[PDB]
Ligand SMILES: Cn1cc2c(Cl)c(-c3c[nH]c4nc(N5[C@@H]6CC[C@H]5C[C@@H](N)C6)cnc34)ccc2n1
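Just one chain follows, in the form solved without this ligand, and it is written as C-alpha coordinates.
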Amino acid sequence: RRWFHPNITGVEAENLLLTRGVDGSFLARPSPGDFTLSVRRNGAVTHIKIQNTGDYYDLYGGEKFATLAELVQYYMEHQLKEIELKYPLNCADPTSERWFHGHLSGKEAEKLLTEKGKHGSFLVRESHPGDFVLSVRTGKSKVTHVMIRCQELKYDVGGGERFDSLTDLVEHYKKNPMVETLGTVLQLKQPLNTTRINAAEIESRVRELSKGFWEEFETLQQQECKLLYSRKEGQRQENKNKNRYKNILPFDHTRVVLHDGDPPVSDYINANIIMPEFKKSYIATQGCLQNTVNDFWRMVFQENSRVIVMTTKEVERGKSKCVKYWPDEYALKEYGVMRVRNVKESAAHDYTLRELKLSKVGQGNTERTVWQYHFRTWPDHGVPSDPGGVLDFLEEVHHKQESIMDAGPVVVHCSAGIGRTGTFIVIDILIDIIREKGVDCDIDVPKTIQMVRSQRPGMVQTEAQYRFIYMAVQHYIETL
(Lines give C-alpha, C1' and ligand atoms only; values in the text may rest on other atoms or scores of the structure.)
Protein backbone atom coordinates (compact mmCIF):
# COMPACT_ATOMS: atom_id res chain seq x y z
CA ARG A 1 0.00 0.00 0.00
CA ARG A 2 3.03 2.28 -0.62
CA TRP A 3 1.00 4.37 -3.20
CA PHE A 4 -0.76 6.26 -0.30
CA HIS A 5 1.14 9.46 0.72
CA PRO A 6 -0.27 10.70 4.04
CA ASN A 7 1.53 14.11 4.27
CA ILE A 8 1.87 15.35 0.68
CA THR A 9 0.36 18.60 -0.77
CA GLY A 10 -1.20 18.65 -4.27
CA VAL A 11 1.87 20.46 -5.75
CA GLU A 12 4.28 17.98 -4.03
CA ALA A 13 2.22 15.08 -5.53
CA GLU A 14 2.40 16.67 -9.05
CA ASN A 15 6.15 17.36 -8.89
CA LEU A 16 6.86 13.83 -7.50
CA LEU A 17 4.82 12.25 -10.39
CA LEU A 18 6.52 14.52 -12.98
CA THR A 19 10.13 13.91 -11.71
CA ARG A 20 9.98 10.26 -10.40
CA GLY A 21 6.97 8.87 -12.31
CA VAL A 22 6.05 8.02 -15.93
CA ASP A 23 2.64 7.73 -17.70
CA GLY A 24 0.34 5.43 -15.72
CA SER A 25 2.18 6.49 -12.51
CA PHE A 26 -0.22 7.13 -9.61
CA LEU A 27 -0.56 7.99 -5.94
CA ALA A 28 -3.41 8.58 -3.49
CA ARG A 29 -3.40 11.21 -0.73
CA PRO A 30 -5.74 12.76 1.90
CA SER A 31 -7.18 16.32 1.31
CA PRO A 32 -12.31 16.37 5.93
CA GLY A 33 -12.54 12.69 4.86
CA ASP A 34 -11.74 13.67 1.21
CA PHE A 35 -8.95 11.97 -0.84
CA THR A 36 -7.31 12.48 -4.24
CA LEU A 37 -6.08 9.91 -6.75
CA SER A 38 -3.21 11.68 -8.72
CA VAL A 39 -2.32 10.09 -12.12
CA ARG A 40 0.13 10.89 -14.89
CA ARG A 41 -1.28 10.79 -18.47
CA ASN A 42 0.34 12.26 -21.69
CA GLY A 43 3.14 13.76 -19.49
CA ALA A 44 0.44 15.67 -17.47
CA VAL A 45 -1.20 15.24 -13.99
CA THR A 46 -4.95 14.53 -13.45
CA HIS A 47 -6.35 14.70 -9.89
CA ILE A 48 -9.40 12.52 -9.22
CA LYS A 49 -11.56 13.24 -6.17
CA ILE A 50 -12.68 10.33 -3.89
CA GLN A 51 -15.23 11.30 -1.23
CA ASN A 52 -16.19 9.30 1.87
CA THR A 53 -19.18 10.58 3.92
CA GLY A 54 -19.27 7.45 6.09
CA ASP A 55 -20.72 4.75 3.81
CA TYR A 56 -18.11 4.06 1.07
CA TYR A 57 -15.28 5.67 -0.99
CA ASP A 58 -17.01 7.35 -3.89
CA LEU A 59 -14.55 7.85 -6.75
CA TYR A 60 -15.76 10.76 -8.92
CA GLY A 61 -16.20 9.53 -12.52
CA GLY A 62 -15.89 5.96 -11.24
CA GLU A 63 -17.46 3.47 -8.87
CA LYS A 64 -17.95 2.95 -5.07
CA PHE A 65 -15.57 0.83 -2.96
CA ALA A 66 -15.11 -0.60 0.53
CA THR A 67 -11.44 0.38 0.78
CA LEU A 68 -8.94 2.55 -1.21
CA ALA A 69 -6.87 -0.69 -1.69
CA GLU A 70 -9.92 -2.45 -3.35
CA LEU A 71 -10.37 0.76 -5.45
CA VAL A 72 -6.67 0.59 -6.60
CA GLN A 73 -6.85 -3.24 -7.20
CA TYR A 74 -10.02 -2.76 -9.35
CA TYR A 75 -8.57 -0.11 -11.69
CA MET A 76 -5.10 -1.73 -11.89
CA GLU A 77 -6.70 -5.12 -12.89
CA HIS A 78 -9.36 -3.40 -15.17
CA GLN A 79 -13.25 1.89 -16.64
CA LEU A 80 -11.52 5.08 -15.41
CA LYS A 81 -12.34 8.11 -17.62
CA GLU A 82 -11.87 11.94 -17.59
CA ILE A 83 -6.97 7.20 -17.31
CA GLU A 84 -4.86 4.02 -16.67
CA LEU A 85 -3.46 3.01 -13.22
CA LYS A 86 -0.17 1.25 -14.05
CA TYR A 87 2.67 2.17 -11.65
CA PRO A 88 2.27 2.84 -7.92
CA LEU A 89 4.45 5.81 -6.97
CA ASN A 90 5.93 4.56 -3.64
CA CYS A 91 5.85 6.65 -0.47
CA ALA A 92 9.01 6.64 1.67
CA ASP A 93 7.36 8.28 4.73
CA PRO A 94 7.20 5.90 7.81
CA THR A 95 4.57 7.92 9.88
CA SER A 96 1.70 5.39 9.35
CA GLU A 97 3.85 2.26 10.05
CA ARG A 98 3.00 0.53 13.40
CA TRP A 99 6.77 0.13 14.12
CA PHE A 100 7.57 3.88 13.73
CA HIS A 101 7.74 5.89 17.00
CA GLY A 102 9.43 9.12 15.74
CA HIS A 103 10.79 11.23 18.63
CA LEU A 104 11.38 8.55 21.30
CA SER A 105 14.33 8.04 23.69
CA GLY A 106 16.40 4.87 24.31
CA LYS A 107 15.27 4.37 27.93
CA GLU A 108 11.61 5.19 26.97
CA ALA A 109 11.86 2.53 24.15
CA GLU A 110 13.45 -0.07 26.51
CA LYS A 111 10.71 0.64 29.18
CA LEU A 112 7.96 0.28 26.49
CA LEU A 113 9.52 -3.02 25.21
CA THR A 114 9.83 -4.32 28.84
CA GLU A 115 6.19 -3.45 29.79
CA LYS A 116 4.44 -4.14 26.42
CA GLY A 117 6.79 -6.29 24.27
CA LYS A 118 7.66 -9.99 23.74
CA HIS A 119 10.34 -12.01 21.80
CA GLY A 120 10.71 -10.28 18.42
CA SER A 121 8.91 -7.03 19.42
CA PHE A 122 10.53 -4.06 17.67
CA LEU A 123 10.36 -0.30 16.98
CA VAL A 124 12.07 2.42 14.93
CA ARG A 125 12.73 5.79 16.58
CA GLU A 126 14.72 9.03 15.87
CA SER A 127 18.39 9.08 17.09
CA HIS A 128 23.17 11.74 15.76
CA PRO A 129 20.20 13.92 14.48
CA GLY A 130 18.70 12.77 11.16
CA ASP A 131 19.66 9.09 11.91
CA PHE A 132 17.31 6.38 13.30
CA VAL A 133 17.48 3.49 15.82
CA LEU A 134 16.00 -0.04 15.57
CA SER A 135 15.14 -1.13 19.15
CA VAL A 136 14.28 -4.88 19.30
CA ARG A 137 13.35 -7.27 22.19
CA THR A 138 14.49 -10.95 22.27
CA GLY A 139 13.82 -13.78 24.81
CA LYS A 140 16.33 -13.93 30.34
CA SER A 141 14.98 -11.17 28.03
CA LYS A 142 17.02 -8.30 26.47
CA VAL A 143 16.64 -5.09 24.37
CA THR A 144 19.07 -4.50 21.45
CA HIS A 145 19.55 -1.11 19.75
CA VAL A 146 20.77 -1.05 16.11
CA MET A 147 21.86 2.29 14.63
CA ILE A 148 20.23 3.27 11.32
CA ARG A 149 22.34 5.80 9.39
CA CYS A 150 20.66 8.26 7.02
CA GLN A 151 23.14 8.97 4.21
CA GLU A 152 22.20 11.09 1.15
CA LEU A 153 18.49 9.99 1.35
CA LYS A 154 19.29 6.23 1.93
CA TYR A 155 19.15 4.05 5.15
CA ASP A 156 21.68 1.40 6.34
CA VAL A 157 22.74 -0.50 9.51
CA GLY A 158 26.51 0.26 9.13
CA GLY A 159 27.18 -1.82 6.00
CA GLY A 160 25.75 -3.78 3.07
CA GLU A 161 22.64 -2.59 1.22
CA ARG A 162 21.49 1.07 1.41
CA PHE A 163 17.63 1.35 1.42
CA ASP A 164 15.37 4.00 -0.24
CA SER A 165 13.13 4.10 2.89
CA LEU A 166 12.99 2.84 6.54
CA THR A 167 10.16 0.46 5.35
CA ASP A 168 12.36 -1.30 2.79
CA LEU A 169 15.13 -1.58 5.48
CA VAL A 170 12.59 -3.04 8.02
CA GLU A 171 11.02 -5.44 5.41
CA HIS A 172 14.49 -6.71 4.46
CA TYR A 173 15.67 -7.19 8.09
CA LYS A 174 12.26 -8.74 8.91
CA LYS A 175 12.91 -11.53 6.30
CA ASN A 176 16.73 -11.55 6.68
CA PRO A 177 17.35 -11.05 10.47
CA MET A 178 20.61 -9.56 11.79
CA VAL A 179 22.85 -12.06 13.64
CA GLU A 180 24.97 -10.73 16.52
CA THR A 181 28.69 -11.50 17.13
CA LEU A 182 27.71 -14.08 19.83
CA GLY A 183 24.86 -15.73 17.87
CA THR A 184 21.71 -13.80 18.93
CA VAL A 185 19.19 -13.57 16.04
CA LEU A 186 17.56 -10.09 15.96
CA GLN A 187 14.18 -11.36 14.68
CA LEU A 188 11.65 -8.64 13.88
CA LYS A 189 8.53 -10.75 14.70
CA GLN A 190 5.92 -8.01 15.37
CA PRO A 191 5.82 -4.21 15.98
CA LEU A 192 5.44 -2.92 19.54
CA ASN A 193 1.80 -2.37 20.51
CA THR A 194 1.02 1.28 21.44
CA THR A 195 -2.82 1.31 21.11
CA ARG A 196 -3.88 -1.34 23.70
CA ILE A 197 -4.96 0.76 26.67
CA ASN A 198 -6.55 -0.19 29.95
CA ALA A 199 -10.32 0.84 29.94
CA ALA A 200 -9.83 3.08 33.09
CA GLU A 201 -7.18 5.04 31.02
CA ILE A 202 -9.71 5.86 28.16
CA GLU A 203 -10.12 9.56 29.17
CA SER A 204 -6.37 10.13 29.32
CA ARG A 205 -5.80 8.44 25.87
CA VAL A 206 -8.68 10.47 24.39
CA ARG A 207 -7.11 13.76 25.72
CA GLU A 208 -3.85 12.71 23.93
CA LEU A 209 -5.54 11.81 20.60
CA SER A 210 -7.63 15.08 20.56
CA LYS A 211 -4.41 17.26 20.48
CA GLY A 212 -3.78 12.07 17.29
CA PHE A 213 -7.00 10.36 16.06
CA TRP A 214 -5.98 10.99 12.37
CA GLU A 215 -2.45 9.48 12.81
CA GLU A 216 -3.88 6.44 14.65
CA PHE A 217 -6.61 6.03 12.01
CA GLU A 218 -4.14 6.23 9.04
CA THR A 219 -1.83 3.62 10.66
CA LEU A 220 -4.91 1.24 10.85
CA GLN A 221 -5.66 2.07 7.11
CA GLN A 222 -2.06 1.15 6.26
CA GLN A 223 -3.00 -2.49 7.28
CA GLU A 224 -5.95 -2.84 4.79
CA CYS A 225 -3.71 -4.30 2.05
CA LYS A 226 -3.35 -7.43 4.30
CA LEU A 227 -7.16 -7.78 3.96
CA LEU A 228 -7.49 -8.23 0.18
CA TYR A 229 -9.31 -11.62 0.59
CA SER A 230 -11.36 -13.24 -2.25
CA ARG A 231 -14.86 -11.91 -2.99
CA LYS A 232 -15.56 -14.28 -5.93
CA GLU A 233 -19.15 -15.29 -5.08
CA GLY A 234 -20.47 -11.68 -5.18
CA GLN A 235 -18.69 -11.22 -8.52
CA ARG A 236 -20.65 -14.05 -10.26
CA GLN A 237 -23.05 -12.85 -13.01
CA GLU A 238 -26.16 -14.20 -11.21
CA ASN A 239 -25.12 -12.39 -7.96
CA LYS A 240 -24.30 -9.00 -9.48
CA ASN A 241 -27.88 -7.64 -9.13
CA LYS A 242 -28.03 -8.96 -5.50
CA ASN A 243 -25.45 -6.25 -4.53
CA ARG A 244 -26.52 -2.65 -3.69
CA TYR A 245 -23.04 -1.49 -4.95
CA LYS A 246 -21.48 -3.73 -7.62
CA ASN A 247 -17.95 -3.57 -6.03
CA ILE A 248 -18.89 -3.59 -2.30
CA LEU A 249 -18.75 -7.34 -1.77
CA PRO A 250 -18.69 -9.86 1.05
CA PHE A 251 -15.59 -11.97 1.69
CA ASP A 252 -16.11 -15.60 0.54
CA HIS A 253 -14.65 -17.12 3.77
CA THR A 254 -17.22 -15.37 6.11
CA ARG A 255 -20.23 -14.90 3.81
CA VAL A 256 -23.65 -16.10 4.96
CA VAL A 257 -24.43 -19.16 2.80
CA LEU A 258 -28.19 -19.52 2.24
CA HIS A 259 -29.41 -23.17 2.18
CA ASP A 260 -32.77 -24.82 1.18
CA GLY A 261 -33.18 -22.48 -1.82
CA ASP A 262 -35.74 -22.75 -4.65
CA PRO A 263 -34.65 -25.80 -6.79
CA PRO A 264 -29.98 -22.09 -9.82
CA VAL A 265 -27.81 -19.75 -7.64
CA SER A 266 -30.01 -19.54 -4.54
CA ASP A 267 -27.20 -19.45 -1.83
CA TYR A 268 -26.11 -15.78 -2.00
CA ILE A 269 -26.67 -12.70 0.17
CA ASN A 270 -24.35 -9.68 0.55
CA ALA A 271 -23.71 -10.45 4.27
CA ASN A 272 -20.85 -11.59 6.52
CA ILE A 273 -20.80 -13.38 9.89
CA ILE A 274 -18.85 -11.21 12.38
CA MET A 275 -17.40 -13.32 15.17
CA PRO A 276 -15.42 -11.31 17.77
CA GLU A 277 -12.01 -12.94 18.32
CA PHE A 278 -9.43 -12.08 21.01
CA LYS A 279 -20.09 -13.77 23.51
CA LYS A 280 -22.60 -12.71 20.75
CA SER A 281 -21.96 -12.79 17.00
CA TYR A 282 -23.28 -10.42 14.26
CA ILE A 283 -24.36 -10.49 10.67
CA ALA A 284 -23.24 -7.30 8.93
CA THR A 285 -25.33 -6.79 5.81
CA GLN A 286 -26.51 -4.17 3.29
CA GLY A 287 -30.01 -2.69 3.20
CA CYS A 288 -32.30 -4.95 1.09
CA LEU A 289 -33.03 -4.25 -2.57
CA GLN A 290 -36.50 -5.23 -3.92
CA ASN A 291 -34.95 -8.45 -5.36
CA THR A 292 -33.17 -9.44 -2.03
CA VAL A 293 -36.08 -8.97 0.51
CA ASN A 294 -36.95 -12.71 0.33
CA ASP A 295 -33.19 -13.63 0.70
CA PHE A 296 -32.93 -11.36 3.75
CA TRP A 297 -35.81 -13.24 5.53
CA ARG A 298 -34.31 -16.63 4.51
CA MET A 299 -31.06 -15.52 6.28
CA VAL A 300 -32.79 -14.32 9.48
CA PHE A 301 -34.76 -17.62 9.54
CA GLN A 302 -31.74 -19.94 8.90
CA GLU A 303 -29.37 -18.08 11.27
CA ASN A 304 -32.03 -18.08 14.04
CA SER A 305 -31.56 -14.25 14.44
CA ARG A 306 -33.92 -12.71 17.00
CA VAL A 307 -32.74 -9.09 16.71
CA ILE A 308 -32.19 -6.76 13.77
CA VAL A 309 -30.35 -3.40 14.03
CA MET A 310 -31.20 -0.99 11.18
CA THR A 311 -28.99 2.15 11.23
CA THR A 312 -30.35 4.09 8.25
CA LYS A 313 -33.69 5.68 7.26
CA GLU A 314 -35.18 4.02 4.18
CA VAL A 315 -34.60 7.25 2.16
CA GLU A 316 -31.67 9.68 2.58
CA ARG A 317 -31.28 12.72 0.18
CA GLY A 318 -34.01 11.33 -2.10
CA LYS A 319 -32.16 8.01 -2.57
CA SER A 320 -33.33 4.58 -1.32
CA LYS A 321 -30.74 3.25 1.23
CA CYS A 322 -32.97 0.30 2.28
CA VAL A 323 -36.35 -0.97 0.97
CA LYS A 324 -39.11 -1.62 3.55
CA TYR A 325 -38.69 -5.37 4.16
CA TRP A 326 -41.08 -5.41 7.13
CA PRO A 327 -44.94 -5.22 6.96
CA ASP A 328 -47.00 -2.18 8.15
CA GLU A 329 -47.99 -2.16 11.85
CA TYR A 330 -50.59 -4.95 12.51
CA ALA A 331 -50.19 -6.28 8.95
CA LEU A 332 -49.09 -9.70 7.82
CA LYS A 333 -46.96 -10.16 4.64
CA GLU A 334 -45.38 -13.10 2.79
CA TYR A 335 -41.79 -12.79 1.46
CA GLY A 336 -41.40 -15.99 -0.57
CA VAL A 337 -41.61 -19.02 1.78
CA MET A 338 -41.35 -16.64 4.81
CA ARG A 339 -44.34 -15.07 6.60
CA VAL A 340 -43.87 -11.92 8.70
CA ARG A 341 -46.32 -10.16 11.06
CA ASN A 342 -45.63 -6.66 12.43
CA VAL A 343 -47.14 -7.20 15.90
CA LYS A 344 -46.47 -3.70 17.38
CA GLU A 345 -44.23 -0.63 16.79
CA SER A 346 -42.92 1.40 19.86
CA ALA A 347 -41.45 4.84 19.09
CA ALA A 348 -38.59 6.06 21.23
CA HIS A 349 -36.65 9.34 20.78
CA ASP A 350 -33.72 8.00 18.62
CA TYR A 351 -35.25 4.81 17.29
CA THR A 352 -38.37 2.74 16.61
CA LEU A 353 -38.84 -0.82 17.79
CA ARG A 354 -40.86 -3.18 15.57
CA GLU A 355 -41.98 -6.52 17.11
CA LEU A 356 -42.15 -8.98 14.19
CA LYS A 357 -43.23 -12.62 14.08
CA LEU A 358 -41.34 -14.68 11.50
CA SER A 359 -42.42 -18.20 10.50
CA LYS A 360 -42.07 -20.51 7.46
CA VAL A 361 -45.31 -20.88 5.40
CA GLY A 362 -46.81 -24.39 5.82
CA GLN A 363 -45.25 -24.91 9.31
CA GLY A 364 -46.87 -22.82 12.08
CA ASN A 365 -44.59 -24.09 14.91
CA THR A 366 -41.56 -22.36 13.24
CA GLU A 367 -42.73 -18.96 14.51
CA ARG A 368 -40.31 -16.78 16.48
CA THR A 369 -40.26 -13.11 17.39
CA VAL A 370 -37.79 -10.84 15.60
CA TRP A 371 -37.17 -7.51 17.33
CA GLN A 372 -36.26 -4.74 14.84
CA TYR A 373 -34.44 -1.75 16.33
CA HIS A 374 -34.55 0.95 13.71
CA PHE A 375 -32.14 3.71 14.70
CA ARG A 376 -33.61 6.79 13.00
CA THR A 377 -31.55 9.82 14.15
CA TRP A 378 -28.08 9.20 12.66
CA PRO A 379 -27.07 12.38 10.64
CA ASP A 380 -27.12 12.14 6.77
CA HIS A 381 -23.30 12.89 6.73
CA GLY A 382 -20.82 12.70 9.62
CA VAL A 383 -21.61 11.17 13.05
CA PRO A 384 -23.81 12.17 16.09
CA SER A 385 -22.42 15.02 18.24
CA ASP A 386 -23.19 12.90 21.35
CA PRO A 387 -22.89 9.06 21.70
CA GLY A 388 -25.52 8.79 24.54
CA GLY A 389 -28.31 7.95 22.08
CA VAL A 390 -26.30 5.21 20.28
CA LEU A 391 -25.25 3.84 23.74
CA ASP A 392 -28.81 3.62 25.22
CA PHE A 393 -29.92 1.92 21.93
CA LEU A 394 -27.09 -0.69 22.11
CA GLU A 395 -27.89 -1.34 25.80
CA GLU A 396 -31.58 -2.03 24.86
CA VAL A 397 -30.42 -4.28 21.94
CA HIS A 398 -27.92 -6.15 24.17
CA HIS A 399 -30.55 -6.80 26.90
CA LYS A 400 -33.16 -7.95 24.31
CA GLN A 401 -30.52 -10.30 22.72
CA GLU A 402 -29.52 -11.65 26.16
CA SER A 403 -33.12 -12.24 27.31
CA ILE A 404 -33.69 -14.84 24.39
CA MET A 405 -32.27 -18.39 24.88
CA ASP A 406 -30.29 -19.78 21.85
CA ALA A 407 -30.81 -16.49 19.84
CA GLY A 408 -28.70 -16.47 16.66
CA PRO A 409 -26.37 -13.61 15.54
CA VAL A 410 -27.52 -9.98 15.79
CA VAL A 411 -28.35 -8.70 12.27
CA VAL A 412 -26.82 -5.19 11.63
CA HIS A 413 -27.35 -3.19 8.43
CA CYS A 414 -27.09 0.36 7.03
CA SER A 415 -26.87 1.10 3.18
CA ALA A 416 -23.60 -0.71 2.04
CA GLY A 417 -23.32 -2.47 5.43
CA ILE A 418 -19.75 -1.44 6.20
CA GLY A 419 -19.55 2.17 7.67
CA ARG A 420 -22.41 2.79 10.21
CA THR A 421 -22.81 -1.01 10.45
CA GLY A 422 -19.08 -1.35 11.35
CA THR A 423 -19.28 1.57 13.80
CA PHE A 424 -22.24 0.12 15.76
CA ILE A 425 -20.75 -3.47 15.82
CA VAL A 426 -17.30 -2.27 17.02
CA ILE A 427 -18.92 -0.04 19.71
CA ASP A 428 -21.08 -3.09 20.73
CA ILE A 429 -17.98 -5.47 20.94
CA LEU A 430 -15.93 -2.96 23.06
CA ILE A 431 -18.88 -2.15 25.45
CA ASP A 432 -19.53 -5.99 25.80
CA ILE A 433 -15.92 -6.31 27.17
CA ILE A 434 -16.46 -3.41 29.67
CA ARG A 435 -19.92 -4.77 30.68
CA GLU A 436 -18.70 -8.19 31.84
CA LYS A 437 -15.17 -7.10 33.10
CA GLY A 438 -15.66 -3.44 34.03
CA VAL A 439 -12.94 -0.77 33.87
CA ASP A 440 -10.28 -3.46 34.54
CA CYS A 441 -9.63 -4.96 31.07
CA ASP A 442 -7.51 -4.05 28.07
CA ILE A 443 -9.26 -2.49 25.07
CA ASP A 444 -7.51 -2.03 21.67
CA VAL A 445 -9.73 0.03 19.29
CA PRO A 446 -7.71 -0.37 15.99
CA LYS A 447 -7.00 -4.09 16.69
CA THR A 448 -10.76 -4.85 17.22
CA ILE A 449 -11.45 -2.91 13.99
CA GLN A 450 -8.75 -4.83 12.00
CA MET A 451 -10.19 -8.12 13.41
CA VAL A 452 -13.74 -7.09 12.22
CA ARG A 453 -12.36 -5.76 8.83
CA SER A 454 -10.88 -9.24 8.20
CA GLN A 455 -14.47 -10.64 8.24
CA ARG A 456 -16.18 -7.97 6.07
CA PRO A 457 -14.21 -5.35 4.07
CA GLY A 458 -14.31 -1.69 5.03
CA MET A 459 -15.85 -2.06 8.49
CA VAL A 460 -15.65 1.50 10.02
CA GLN A 461 -15.28 3.88 7.08
CA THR A 462 -14.14 7.30 8.38
CA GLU A 463 -11.88 9.01 10.94
CA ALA A 464 -15.11 10.68 12.22
CA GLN A 465 -16.60 7.21 12.98
CA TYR A 466 -13.23 6.08 14.46
CA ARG A 467 -13.21 9.02 16.91
CA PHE A 468 -16.98 8.47 17.63
CA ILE A 469 -16.18 4.85 18.71
CA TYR A 470 -13.61 6.25 21.21
CA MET A 471 -16.13 8.89 22.37
CA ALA A 472 -18.81 6.20 22.80
CA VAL A 473 -16.52 3.86 24.83
CA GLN A 474 -15.24 6.84 26.98
CA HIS A 475 -18.87 7.93 27.58
CA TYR A 476 -19.94 4.34 28.54
CA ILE A 477 -17.02 4.09 31.04
CA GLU A 478 -17.83 7.64 32.43
CA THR A 479 -21.48 6.63 33.14
CA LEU A 480 -20.81 3.36 35.11
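Note that residue numbering begins at 1 and tracks the sequence as displayed.
We do not show the form solved in complex with this ligand, though everything after this point is about it.
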So in the deposited bound form, are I269, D295 and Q302 all sitting within 4.5 Å of this ligand, heavy atoms only?
no
Looking in the deposited bound form, any heavy atom of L220 within 4.5 Å of this ligand?
yes
Contact label in the deposited bound form: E97 to this ligand, heavy atom within 4.5 Å
yes
Heavy atom to heavy atom, is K447 within 4.5 Å of this ligand in the deposited bound form?
yes
Using heavy atoms and a 4.5 Å limit, would one call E215 a contact residue for this ligand in the deposited bound form?
yes
Between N193, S281, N239, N342, only one gets a heavy atom within 4.5 angstroms of this ligand in the deposited bound form; which residue is that?
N193
Tell me, out of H101, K321, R255, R306, which residue has a non-hydrogen atom within 4.5 angstroms of this ligand in the deposited bound form.
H101
Counting only non-hydrogen atoms, choose the one of 285 to 293, 89 to 97, 353 to 361, 166 to 174 that falls within 4.5 Å of this ligand in the deposited bound form.
89 to 97
